[PDB]
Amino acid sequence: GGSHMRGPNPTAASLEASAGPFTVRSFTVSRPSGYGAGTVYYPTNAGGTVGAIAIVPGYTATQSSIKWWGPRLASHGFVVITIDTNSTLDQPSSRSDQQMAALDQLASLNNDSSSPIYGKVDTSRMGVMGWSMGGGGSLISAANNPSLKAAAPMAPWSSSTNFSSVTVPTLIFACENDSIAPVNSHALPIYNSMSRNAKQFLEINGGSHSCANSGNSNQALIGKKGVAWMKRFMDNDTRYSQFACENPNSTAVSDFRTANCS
């Protein structure tokens, strides 16, 4: 598909800032199809079509826990939907279905001349993210939909750790002191199961289960890595290779691993 480069050349400082290069606006989805609710964040001035990312919260949680990713990613050139699930008690498989339904709705709104994102989406370039059970659902989405270009589960919770089938580039954020989805029985065995993909594991030092959520104390680092990963793999943009693949050399990181990254 070639590359899909948007925006000025990245620097560490420009990726650690809270606001990327593009102005962002948002709207709530009027008739969500297959999920509970969504807010769509989009760049007004990206200079070309951009890929789409759907983000799912955790069990009992709402969009507030994942909201910060909307403007953070959209401002670098992505259409991002943060969803609420049909019920906040939905399990990971249901969360995956709703995540994929939200991406499909972004593709439909791209066809809709009355939508703010009419013609703004390259619907062939999509990614998945989520927290906790939504991170589990993101891994299910990636396993079931290898056409996805990237995945970034955060403090994932899953009953099964075997994601050996996944071929999608996957960045797993983990939280060192997680007591809800302990790293040793969730994020790390999940990470080790994947032998068929580019992958990365970033464990946040001292982090509780909410360490990648809105209001976290490491938005510079986490946001830099999330954006860099999505830019590298959703846009095929090798200006981001070093940022996506590098050990961040951060006292904020207690464990860093990566494989097959370029």
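Start at 1 with the first residue shown and count on from there.
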Return whichever of 203 to 211 and 223 to 231 has the greater mean Cα B factor according to the PDB record.
203 to 211
Stretch with the greater mean C-alpha B-factor as recorded in the entry, comparing 213 to 221 against 47 to 55:
213 to 221
Candidate residues 177, 170, 82, 99, the one whose C-alpha B factor the record puts highest:
177
Determine which member of 150, 139, 190, 106 has the highest CA B-factor, using the values in the deposited entry.
190
Sort the modelled residues of this chain by their C-alpha B factor and say whether residue 260 lands in the lowest, middle or highest third.
highest
CA B-factor ranking of residue 71, expressed as a third of its chain:
middle
Considering only modelled residues of the same chain, in which third does the CA B-factor of residue 110 rank: lowest, middle or highest?
lowest
In terms of its chain's C-alpha B-factors, the third that includes residue 130 is the lowest
Relative C-alpha B-factor of residue 33, binned into the chain's lowest, middle or highest third:
highest
